[PDB]
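Report on one structure; see the data block that follows.
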Amino acid sequence: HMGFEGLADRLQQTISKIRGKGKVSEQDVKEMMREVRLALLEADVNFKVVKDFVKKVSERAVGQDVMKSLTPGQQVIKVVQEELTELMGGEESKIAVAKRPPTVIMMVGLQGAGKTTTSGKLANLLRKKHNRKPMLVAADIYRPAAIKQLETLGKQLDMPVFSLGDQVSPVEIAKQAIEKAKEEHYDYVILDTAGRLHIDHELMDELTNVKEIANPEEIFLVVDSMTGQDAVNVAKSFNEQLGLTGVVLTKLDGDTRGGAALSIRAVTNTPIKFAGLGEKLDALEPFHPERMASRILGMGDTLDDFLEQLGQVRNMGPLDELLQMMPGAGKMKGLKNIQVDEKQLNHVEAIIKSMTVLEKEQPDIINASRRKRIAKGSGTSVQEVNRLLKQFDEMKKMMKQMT
RNA sequence: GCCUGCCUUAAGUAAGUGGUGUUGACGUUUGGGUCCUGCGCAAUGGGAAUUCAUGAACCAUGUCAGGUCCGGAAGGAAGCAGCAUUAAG
Ligand SMILES: Nc1nc2c(ncn2[C@@H]2O[C@H](COP(=O)(O)OP(=O)(O)O)[C@@H](OP(=O)(O)OP(=O)(O)O)[C@H]2O)c(=O)[nH]1
């Protein structure tokens, strides 16, 4: 949904020049790449990653006109898209599933990254998308309000939150937590671990002790996307002093650059598994490097009863499959239209639910005063009613043309 | 010119056949209608005033899905299928 908006803005005007011109020249690719290189540098992408990326794209883009003279510029875009995709990890990296339940997932990171919130988001995702039965664990004893924060999120999910207070070691908390999860048949155990503002020795000593007693199948670093290269460095230090298997990037809804997301793989070899997209518990999505690459480049992929079904499936029934979300991402690339219904759509739905069942079955049976009364009940005098009838006639004509 | 025809014109006179009344307004006239035609009517039939179940988008029906507005809040609010829902079938 969210992220990278600033890099896109920059790239997409240089992309404009090449896409329109089918012809590929030595000077054209050089020029596009100079702009691409400046945009990646200003987005705080790792410096070595930039210089390697500009090299591999430019090499492929001048054998590509030799590759193909058909749709040549649209070929240059496909190379950039393919390299952006590899740069953010090849393909979706799915959650591990232990051979024997429970799967123990360790959440680590620095204070303020979003550990505690993301723990709750991941539990939520495991139950809704995968039909799992998770358990949250309170292993950060070093701040007050930390436990109560997790417990509060747990009460909104109806999921247990294991805690022994703040006078007991996190090694013991993790141990008992995992054994209760075995006895009571919980699929997943999510450990919310400690952390101050900066790494120290007595953070890593504790985290290695917890890994030891817990033998986790996944160790996720939760890291703030808006910190750019500082996030890449936090990743490097965690991956070296214990083992990371994954990364959760938080606060993409405030990250217009994307430096961290374009750099984590190449510097640490750790894959990005999820993105946080907001404060609520349901703002977590799997990281899909194709679709972000496509995003960055502006590249995509009974009349009354039918109206009621369209209103149900369009207003609150959003959620397509078979790459429907991928081709419809960003309003299907905007579609050259800057107007959304919103309250206009709400008024259209209110005008739609202004007629009887017979009027819904036969829309042409309404007399002039017959839907003058309906317009008085709806709020638009004749304008909304006649626009709705014109739209229904246009939809009928389109259905007759399609059939 | 009835010598034959005035038989159709002022009674009949009589053999043949089923009956029948006139002094009696009699009675052995047994069995049928005894107003057929207009006035005020009552067996009897045809459609009834009124009885029990169901029924108006606006358009008469109390809040009688909701959305807009007045309002940080609430109520008025297609009272749309359901409710009393009538006379209208
Ligand atoms: N917009 C957005 N926010 C996220 C996201 N993930 C986490 N946060 C926010 O970051 C802040 C830290 O979250 P925690 O859950 O406490 O992280 P921690 O355990 O690592 O300390 C929280 O709010 P906070 O403490 O109130 O933030 P602030 O007031 O310090 O700025 C949280 O709402 C995300 O994906 N999008």
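Chain labels run A, B, ... following the order of the structure tokens; each chain numbers its residues from 1, and ligands are numbered from 1 in the order shown.
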Excluding same-chain residues fewer than 6 positions from region 338-353 of chain A, what lies within 8 Å of it counting only C-alpha atoms (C1' of nucleotides), as a PDB file with C-alpha atoms (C1' of nucleotides), in the first residue's frame?
```pdb
ATOM      1  CA  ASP A 304     -31.015  -3.004  -8.323  1.00  0.00           C
ATOM      2  CA  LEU A 307     -26.086  -2.235  -7.983  1.00  0.00           C
ATOM      3  CA  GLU A 308     -26.380  -3.468  -4.384  1.00  0.00           C
ATOM      4  CA  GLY A 311     -21.899  -1.322  -3.678  1.00  0.00           C
ATOM      5  CA  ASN A 315     -17.314   0.160  -0.739  1.00  0.00           C
ATOM      6  CA  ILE A 374     -37.012   9.042  -3.721  1.00  0.00           C
ATOM      7  CA  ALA A 375     -34.807  12.090  -4.290  1.00  0.00           C
ATOM      8  CA  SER A 378     -32.138  10.701  -0.534  1.00  0.00           C
ATOM      9  CA  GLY A 379     -31.104  14.382  -0.389  1.00  0.00           C
ATOM     10  CA  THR A 380     -30.317  15.168  -4.043  1.00  0.00           C
ATOM     11  CA  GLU A 384     -28.233  12.242  -7.958  1.00  0.00           C
ATOM     12  CA  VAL A 385     -31.224  10.181  -9.118  1.00  0.00           C
ATOM     13  CA  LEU A 388     -27.625   7.111 -11.093  1.00  0.00           C
TER      14      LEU A 388
ATOM     15  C1'   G B  67     -27.828   7.760   4.807  1.00  0.00           C
TER      16        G B  67
END
```
Check: which chain B residues lie within 10 Å of chain A using only C-alpha atoms (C1' of nucleotides), as a PyMOL selection string: chain B and resi 57-58+66-69+77-78+80-81
Please dump the current selection as a PDB file, in the first residue's frame; keep C-alpha atoms (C1' of nucleotides).
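Wrote it out as result-v7.pdb, contents follow:
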```pdb
ATOM      1  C1'   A B  57     -44.239   4.165  -3.117  1.00  0.00           C
ATOM      2  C1'   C B  58     -45.284   9.454  -3.124  1.00  0.00           C
ATOM      3  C1'   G B  66     -30.983   3.156   7.237  1.00  0.00           C
ATOM      4  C1'   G B  67     -27.828   7.760   4.807  1.00  0.00           C
ATOM      5  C1'   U B  68     -28.080  14.061   4.690  1.00  0.00           C
ATOM      6  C1'   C B  69     -28.911  18.225   7.862  1.00  0.00           C
ATOM      7  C1'   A B  77     -36.040  11.381   9.372  1.00  0.00           C
ATOM      8  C1'   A B  78     -38.039   6.839   1.462  1.00  0.00           C
ATOM      9  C1'   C B  80     -38.888   1.126   2.476  1.00  0.00           C
ATOM     10  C1'   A B  81     -40.874  -5.716   3.231  1.00  0.00           C
TER      11        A B  81
END
```
Give me, as a PyMOL selection string, the residues of region 113-146 of chain A that a backbone DSSP run labels strand (DSSP E or B). chain A and resi 134-138
Report as a PyMOL selection string which protein, DNA and RNA residues come within 7 Å of ligand 1, using only C-alpha atoms (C1' of nucleotides) and all ligand atoms. chain A and resi 109-118+250-254+276-279+283
Selected residues, N, CA and C atoms, written as a PDB file, in the first residue's frame, please.
```
ATOM      1  N   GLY A 109      15.491  -6.008  18.487  1.00  0.00           N
ATOM      2  CA  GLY A 109      15.602  -4.650  17.994  1.00  0.00           C
ATOM      3  C   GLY A 109      15.812  -3.619  19.084  1.00  0.00           C
ATOM      4  N   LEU A 110      15.976  -2.361  18.690  1.00  0.00           N
ATOM      5  CA  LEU A 110      16.201  -1.278  19.632  1.00  0.00           C
ATOM      6  C   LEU A 110      14.885  -0.621  20.025  1.00  0.00           C
ATOM      7  N   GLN A 111      14.870  -0.051  21.226  1.00  0.00           N
ATOM      8  CA  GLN A 111      13.708   0.683  21.705  1.00  0.00           C
ATOM      9  C   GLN A 111      13.274   1.726  20.680  1.00  0.00           C
ATOM     10  N   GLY A 112      11.966   1.776  20.423  1.00  0.00           N
ATOM     11  CA  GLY A 112      11.392   2.710  19.480  1.00  0.00           C
ATOM     12  C   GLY A 112      11.225   2.176  18.075  1.00  0.00           C
ATOM     13  N   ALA A 113      11.765   0.998  17.779  1.00  0.00           N
ATOM     14  CA  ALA A 113      11.638   0.453  16.432  1.00  0.00           C
ATOM     15  C   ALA A 113      10.216  -0.006  16.150  1.00  0.00           C
ATOM     16  N   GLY A 114       9.490  -0.435  17.174  1.00  0.00           N
ATOM     17  CA  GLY A 114       8.195  -1.049  17.009  1.00  0.00           C
ATOM     18  C   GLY A 114       8.104  -2.532  17.373  1.00  0.00           C
ATOM     19  N   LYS A 115       8.990  -3.043  18.230  1.00  0.00           N
ATOM     20  CA  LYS A 115       8.972  -4.461  18.596  1.00  0.00           C
ATOM     21  C   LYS A 115       7.628  -4.870  19.175  1.00  0.00           C
ATOM     22  N   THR A 116       7.229  -4.203  20.261  1.00  0.00           N
ATOM     23  CA  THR A 116       6.044  -4.608  21.006  1.00  0.00           C
ATOM     24  C   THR A 116       4.803  -4.565  20.133  1.00  0.00           C
ATOM     25  N   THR A 117       4.631  -3.476  19.377  1.00  0.00           N
ATOM     26  CA  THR A 117       3.494  -3.370  18.469  1.00  0.00           C
ATOM     27  C   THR A 117       3.540  -4.445  17.393  1.00  0.00           C
ATOM     28  N   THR A 118       4.726  -4.715  16.842  1.00  0.00           N
ATOM     29  CA  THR A 118       4.820  -5.645  15.721  1.00  0.00           C
ATOM     30  C   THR A 118       4.568  -7.078  16.174  1.00  0.00           C
ATOM     31  N   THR A 250       9.445  -1.396   9.826  1.00  0.00           N
ATOM     32  CA  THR A 250       8.307  -0.655  10.354  1.00  0.00           C
ATOM     33  C   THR A 250       8.282   0.781   9.835  1.00  0.00           C
ATOM     34  N   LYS A 251       7.080   1.366   9.852  1.00  0.00           N
ATOM     35  CA  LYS A 251       6.853   2.787   9.560  1.00  0.00           C
ATOM     36  C   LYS A 251       7.139   3.131   8.098  1.00  0.00           C
ATOM     37  N   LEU A 252       6.802   2.217   7.179  1.00  0.00           N
ATOM     38  CA  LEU A 252       6.850   2.580   5.769  1.00  0.00           C
ATOM     39  C   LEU A 252       5.875   3.707   5.463  1.00  0.00           C
ATOM     40  N   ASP A 253       4.772   3.794   6.214  1.00  0.00           N
ATOM     41  CA  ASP A 253       3.805   4.867   6.030  1.00  0.00           C
ATOM     42  C   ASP A 253       4.391   6.245   6.318  1.00  0.00           C
ATOM     43  N   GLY A 254       5.652   6.323   6.745  1.00  0.00           N
ATOM     44  CA  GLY A 254       6.335   7.596   6.847  1.00  0.00           C
ATOM     45  C   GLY A 254       7.651   7.655   6.089  1.00  0.00           C
ATOM     46  N   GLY A 276       5.650  -3.049   8.233  1.00  0.00           N
ATOM     47  CA  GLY A 276       4.653  -2.354   9.042  1.00  0.00           C
ATOM     48  C   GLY A 276       4.193  -1.078   8.353  1.00  0.00           C
ATOM     49  N   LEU A 277       2.879  -0.849   8.379  1.00  0.00           N
ATOM     50  CA  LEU A 277       2.278   0.208   7.575  1.00  0.00           C
ATOM     51  C   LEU A 277       1.394   1.141   8.391  1.00  0.00           C
ATOM     52  N   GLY A 278       1.539   1.161   9.703  1.00  0.00           N
ATOM     53  CA  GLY A 278       0.668   1.995  10.501  1.00  0.00           C
ATOM     54  C   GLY A 278       0.670   1.600  11.959  1.00  0.00           C
ATOM     55  N   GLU A 279      -0.140   2.332  12.709  1.00  0.00           N
ATOM     56  CA  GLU A 279      -0.266   2.070  14.130  1.00  0.00           C
ATOM     57  C   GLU A 279      -1.227   0.950  14.445  1.00  0.00           C
ATOM     58  N   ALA A 283      -2.113  -3.469  10.348  1.00  0.00           N
ATOM     59  CA  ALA A 283      -1.229  -2.799   9.393  1.00  0.00           C
ATOM     60  C   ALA A 283       0.109  -3.535   9.271  1.00  0.00           C
TER      61      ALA A 283
END
```
Sel. of alpha helix (DSSP H) residues, region 204-285 of chain A, as a PyMOL selection string: chain A and resi 204-214+229-241+259-268
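When only C-alpha atoms are used to compute distances to residue 24 (chain A), the closest of the residues A:65, A:158, A:184, A:82 turns out to be A:65.
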For residue 55 (chain B), the nearest of the candidates B:85, B:9, B:23, B:4, counting only C-alpha atoms (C1' of nucleotides): B:85
Give me, as a list in words, all polymer residues having an atom no more than 9 Å from residue 292 (chain A), counting only C-alpha atoms (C1' of nucleotides) and skipping those fewer than 2 positions away in the same chain. residues 3, 4, 84, 85, 88, 287, 288, 289, 290, 294, 295, 296 and 297 of chain A
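Note that the spacing between CA of residue 175 (chain A) and CA of residue 210 (chain A) amounts to 8.4 Å.
For the atom pair formed by CA of residue 203 (chain A) and CA of residue 265 (chain A), the distance is 24.2 Å, given to one decimal.
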